[PDB]
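Asker: make a model of this:
(one chain, ligands or ions: 1)
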Amino acid sequence: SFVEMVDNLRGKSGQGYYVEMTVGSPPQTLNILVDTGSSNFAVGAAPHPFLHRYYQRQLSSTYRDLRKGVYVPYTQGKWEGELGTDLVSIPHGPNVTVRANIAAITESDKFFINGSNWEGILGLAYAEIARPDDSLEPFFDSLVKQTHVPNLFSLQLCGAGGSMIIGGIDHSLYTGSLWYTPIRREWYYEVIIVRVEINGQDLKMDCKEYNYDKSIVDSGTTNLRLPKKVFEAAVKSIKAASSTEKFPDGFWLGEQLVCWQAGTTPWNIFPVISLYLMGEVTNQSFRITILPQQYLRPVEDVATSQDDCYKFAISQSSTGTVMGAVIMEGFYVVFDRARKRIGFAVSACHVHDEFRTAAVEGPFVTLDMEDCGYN
Ligand SMILES: CCCCNC(=O)[C@H](C)C[C@H](O)[C@@H]1CSC/C=C/CS[C@H]2CCCN[C@H]2C(=O)N[C@@H](C)C(=O)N1
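Answerer: Residues are numbered from 1 along each chain as shown. See the structure here:
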């Protein structure tokens, strides 16, 4: 019955992907950012320059105050608000209504984005990273406890809408086989990267470096984010491969955007990136390959040029690897919480390089994969 959920997401990589939800009685409609990197369901509940609408607890007969405050910091942005519960539904999701925890956001900093068209956030990860603590049941945990919806969801983010299939896998959204990697621990959607190659060349780092201090799958982050040492090794490699042309160093910091005459972008000089993920059987892994069309994010020209301009969508991290939206775009990603694994497959909405193709390939053999986990 998943066909009704296809295309239930709007938005872009750089603006966030959001789904429509309703809260309260009578139902109030809000667009909610879908975020696998956190575990709090929160909505603007007070006026804000960037909000065209918000949650009004006074208008809902089913609202219940929990008389407790809450604060949530992200890599960027933060808000504080008031905990309560209310009835929640997803119009283009399963046909159910659940009582869910909701943080009513009363104050925020660098959280809401001007003209993003969303007014809240849906944290899809586990209770362990919920604020104020893990006793605040996350939305998806509530959905699964209160209804018959199976304990999984999948995401198909399409670059330049998407689909969130709640409760299953829709086989028409991907081609080829699904490959699965264990969820290392149920807090973030944490996985283990066991090898990295660039244009077929092994970075040859201690694989612990790739997962220092963790690696997570996050639909709510735009970029691929890498630990300092890995980020430096990657950028060095990508520079050398594209040394044909000259780029400002502010470009490699994701600040300045480079441009080319419409339809003349030299994709071929940028390397593919292969991330190998721990697999499901002993000494086995598989790889996802990223095309430049993914880590060069298209942006509006700062001038009156009909040129194609891009930003470098790989950035340095001090909190581990983040596989963000630009990586998830062009894969179908299955968050199989029931079997503690995450699946990847080539998306039906993948980008078309002329001579290269984004791919999910296996099996590969990799000795000692356990040693790649950071402790
Ligand atoms: C409370 C413990 C869990 C905290 N989890 C995290 O911080 C995750 C690692 C990151 C989150 O997934 C977090 C959720 S979105 C918060 C809004 C930012 C405005 S910018 C945000 C929305 C527009 C598109 N770019 C996005 C982005 O790129 N956000 C990164 C920068 C980020 O921060 N994402």
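
Asker: show me where this structure has its helices.
Answerer: Along the chain, the segments classed as helices by DSSP state H run 139-146, 228-241, 292-295, 325-328.

Asker: what is the end-to-end distance of stretch 118-129?
Answerer: 23 Å (C-alpha to C-alpha, to the nearest Å).

Asker: how about that stretch and the ligand, any contact?
Answerer: Yes - using C-beta under 6 Å from any ligand atom, stretch 118-129 reaches the ligand at residue 129. Bear in mind the C-beta positions are built from the backbone N, C-alpha and C, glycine included.

Asker: list the buried residues in that stretch.
Answerer: Judged by neighbour count (16 or more other C-beta atoms under 10 Å), stretch 118-129 contains these buried residues: 118, 119, 120, 121, 122, 123, 124, 125, 126, 129.

Asker: next one: the last one from residue 40, what distance?
Answerer: This points to residue 129. Between residue 129 and residue 40 the computed distance is 9 Å (C-beta to C-beta, to the nearest Å).

Asker: what of the fourth one?
Answerer: Using C-beta to C-beta, residue 121 is found at 7 Å from residue 40.

Asker: list the contacts of residue 53.
Answerer: When contacts are counted by C-beta atoms under 8 Å, 6 or more residues apart in numbering, residue 53 is found next to 29, 30, 119.

Asker: tell me how far the closest residue in space to the second one that isn't next to it in sequence lies from the ligand.
Answerer: Okay, so that is residue 30. The shortest distance from residue 30 to any non-neighbouring residue, by C-beta to C-beta, 6 or more residues apart in numbering, is to residue 119 (4.8 Å). Counting by C-beta to the nearest ligand atom, to the nearest Å, the gap from residue 119 to the ligand is 12 Å.

Asker: next one: residue 86
Answerer: Residue 86 is 21 Å from the ligand, by C-beta to the nearest ligand atom.

Asker: that residue is in contact with residue 60, isn't it?
Answerer: Yes - using C-beta atoms under 8 Å, residue 86 makes contact with residue 60 at a distance of 5.9 Å.

Asker: how many residues are close by the spatially closest residue to residue 25 that is not a sequence neighbour?
Answerer: Leaving aside its sequence neighbours, residue 25 sits nearest to residue 62 (C-beta to C-beta, 6+ apart; 4.4 Å). A count of neighbours around residue 62, defined by other C-beta atoms under 10 Å, yields 15.

Asker: which ones are touching residue 62?
Answerer: Contacts for residue 62 (C-beta under 8 Å, 6+ apart) come out as 24, 25, 86, 87, 99.

Asker: make it 7 Å
Answerer: By C-beta atoms under 7 Å, 6 or more residues apart in numbering, the contact set of residue 62 is 24, 25, 86, 87.

Asker: equivalent analysis for residue 244, please.
Answerer: Shown in contact with residue 244 (C-beta under 7 Å, 6+ apart): residue 269.

Asker: quick revisit: where do the contact lists of residue 86 and residue 60 overlap?
Answerer: residue 24.

Asker: more neighbours, those two?
Answerer: Between residue 86 and residue 60, counting by other C-beta under 10 Å, residue 86 is the more crowded of the two (23 against 18).
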